[PDB]
Structure formats: structure tokens, C-alpha cells
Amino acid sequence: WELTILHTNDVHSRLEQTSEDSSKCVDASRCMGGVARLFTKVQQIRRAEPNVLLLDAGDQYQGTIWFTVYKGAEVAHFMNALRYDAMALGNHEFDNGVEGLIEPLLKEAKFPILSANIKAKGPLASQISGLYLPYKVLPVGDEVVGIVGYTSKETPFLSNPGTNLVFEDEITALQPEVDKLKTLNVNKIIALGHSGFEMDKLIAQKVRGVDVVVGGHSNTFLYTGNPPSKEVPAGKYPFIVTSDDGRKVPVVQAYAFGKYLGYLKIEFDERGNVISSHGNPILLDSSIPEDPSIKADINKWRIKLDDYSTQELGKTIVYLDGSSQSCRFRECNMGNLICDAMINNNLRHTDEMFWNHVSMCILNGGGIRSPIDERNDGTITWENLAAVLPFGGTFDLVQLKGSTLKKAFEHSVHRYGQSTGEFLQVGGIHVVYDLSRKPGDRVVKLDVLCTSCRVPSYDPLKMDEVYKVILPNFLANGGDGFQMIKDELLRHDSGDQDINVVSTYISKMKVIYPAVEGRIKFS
């Protein structure tokens, strides 16, 4: 019996086709992804293969102005149009709190939404009961397939789920659900979830009864053969894990941003044992036409986005200096604004040991692409912010040792004076450079804002201590020569869209007035 699993993960609001690097589509003849093109390919496969499941491993929420305006209604609408068979909750599905998940996604999706390791307490337990499920048994041809969900146990640090949801250890929660499915004579089981490739391999190894793991969160690209685009594979597709009971369990993921459609064919025997599996993610490039009906519906929904983009978000009473002459040479108030917005975006519920789990921000000055003039009655619109932050990136959370952060600050000024992009704007850090010193030894003072403290204050950076830092995905990936960040980081989780982080902060503040205040000094 052959099952074809089609899968997406970390689509992150890429409803429209994007450029090759998942930013705004500018050269239509070379654009990729989008739900209209995904619809064409899914429909084609469903005409040819008898047993198909289309699954999403979470993180449809967050990524573009579509999510900013429609707040998940676009996810329910377009996932319903594609006829997804099941979806697991991702961390970003909690960005607008549990209410922003219940309404509109859980109440409007025409497919089960799953997570076996999220437990509710208090009145929320009654409000949400049955709106998401630990698993669903689906009929596929003349057989049934059980799909069990899971979501990152770290979601409380990576989104806004509130204090009435408990995120349990994935393996601990999954095992009893898989054993329950076995008692109900369900012999084909898919674990679909959102914890990252490392956890997916552990689930494949340790959760007895799981036949295949379909994952997400880490934006992992897996491929068997020569890669079709710029993404470098982390391993073969599927990635085979040997389970504790000796079975070979395929693990799949399909990068992010709707650029690829995962495709895995699994051959099962009559007892649900996996005989073999093969496949590869399909690059959704311009060789696949965008479905005209879906494309026309996307164009209709785009009107409200164009209208929103010109509305006032808030006001500034100061000139927002995002010039290269300032932001690539010294502390600039646009850099302070964006770092303050990044820290505000990352305020999460913590225990009594931290005021907040993260207090620090770094931002390459070359990533700030325009100033914003305050003389248009102080108005700031999304279009203005898009000129400052045009790359379509995210502001991510990483864990870096102090030694790595000291190397990053040395890199920030290693060739100072040429208007190069690596000069860092900061938040929660006070740095002093002495440019008369040799490159690599110019950082003379580096103080950081504490997190494990009830009163935030600055203390010297410690080389062996691991710090949480918010920074662009461009830097987390080693952009601008920050290879030490990519190579030495101890954890990396994708954050919210860059423009959205700043837009939300400006709207909350109503009137902003960022100052240059001594975060970066020269001796």
C-alpha cells in the first residue's frame, strides 16, 4: 500500500510568490512559491496518485503584511482552498495569543489542527477543548492513517501562548497517544510537528510506533541528489533514523517560505510496516504556472493590504536617522528604535528568576536602508518602514557565548571608515571602541543588560557566559562576514518579520522620539 505525503512547513505568510531568497517578488519571470503555484502542483499530484495526504507542520502565521492585516484569516482561507488534510501547531501560531489562534484559525480551518503536547488549564481548557486535537485518524483510500501532532516545548520563549497553556516534553506526550492509536488498530502513524530537525530525529528514534516524522521549525532543507536551487542540504531526503526497536524511520522537512513542496512516497505492507520510502522536495519555480483562480483570489485579498500600507501607524517627533553616513559609522537613532522594537517584541512570560529572558539586540547598520523624515506631520506608514527594512527578513533569537559576541563587536569595526554594512547598532549593550588600537583589539569596554535580575542594570560582558541576543536572520546566517555567529551559536529560533516588529512597536508607543544616548562610544 503506497502513501504519498505532500508537506509544507514554516510557510510564514508567503501567500504570494517570492524572489529566490523568499523576499518580495521583483522579477516575476524568476519568482517562486506562493499558494497559487502550490495549488497547481498539489492538484497535479492528486490527479495521479490514489493515496495522498497534504500536511503542514506549522508556522503558517507570521512573515508578511498578509499576517499583519488578516491575522490568520488568510491562512484558514488559503489552506482550505488547497484542501490541507492536517496541520500541526507551530510556535508562531501563538504570536497573537491563544485568542488570535482560536479566532480565526481553529474555528475556520476545514482540517484537523494538531498538538499532543499542549495542555490547557483553567477556563481556557473548556474554551479550547476539541478545537485542536492530540491526533486525528484519517481515511485514505480503503485504509486509515493516524497523524499525531507536536509543538516546540520552547514555544513560551518564542511566541505569546499565555500562562494557561503548558508545553510538555514532546516524546513524553507523544508516546501514550501513539500507543492509544495502536489499541484502535491504526497501524500507519505519522508524527507531524514543530520542534526542529534535532527533536524530529529523537522522536523518530524513541517514539515506538511512529512510521514517519514530518517536521519543521528549523527551516531544514533535506535533498537526495544535486540541489535544485541555493539551499544547501543538511542531509538526504528522507533522513533515515534507526529506531530503538530496529525500524528505519524516515524524517522529512521542506525548508521554509513555501519555496518547496515536500513529497515522500512510502510503501507499507499490510501490517503498516514501512518497506521503503523515497522522494524529494519539489522546487516551486516559474516552470509551474500559478493557478489562475487562486491567483485572482490572492489579487482580490491584496487590495486591503495596499490600503493598509499607506495608513498612519503612529508618529515620530524626531528625524529617524537611518542614513548610511550615521548608521554605518556611529550610534544612530533609527538603529536604537529598531533594537528597542526587537526587545519589546521579545517580552515573554518568565519565572521569578528573570525580568525577561532576553535583553540584548544587535543589528547591522547596512540593514537600515532609509531615514524617515518627521516633517509629514510626524506620520509613519508601513510603506515608510518597508523602505528602511526592505529585505523581508526576521529578527531572530540566538544564544551566543560572550567570546563570540566580543568577536562580533571586533568584526563590527575591523575595517572602520569605509561605510561597510557590518557596523552594529545595539540595544541592551553599551560598547566602547578605541579605533587607534589594531583591528581585532578595538573593543575596550562591553557592558550588557542583565536578564537574571529583578532590576535591569549593566554589567561587564563575561567571555564564558551564554547570552540571548535578538538579531536579523541575515546575521544569524553569517552575513556581513559574521561567520563567528553562524559557527559558534548554541541555539537559533526564527523570529517575527522585521517590518512587523517595528510597526507593532510604533503603534503601541503612538508617538516615538528615539535619542542617540551613548550605547556606542569611541575613546
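Residue indices: 1-based, along the sequence shown.
Between the stretches 470-478 and 55-63, it is 470-478 that shows the larger average CA temperature factor. Legend: mean Cα B-factor per stretch from the PDB entry, 198-206 versus 373-381; the higher mean is in 373-381. Listed residues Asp396, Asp447, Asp285, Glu93 were ranked by CA B-factor as deposited; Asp285 comes out on top.
When the Cα B-factors of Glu74, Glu410, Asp321, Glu99 are read from the PDB record, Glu99 comes out highest. Per-chain ranking of the deposited C-alpha B factor places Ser403 in the middle third.
In the PDB entry, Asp441 places in the highest third of its chain by CA B-factor.
Placement of the Cα temperature factor of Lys259 within the chain: lowest third of the modelled residues, per the deposited record. Compared with the other modelled residues of the chain, the Cα B-factor recorded for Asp496 ranks in the lowest third. Annotation for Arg30: C-alpha temperature factor in the highest third relative to the rest of the modelled chain, per the entry.
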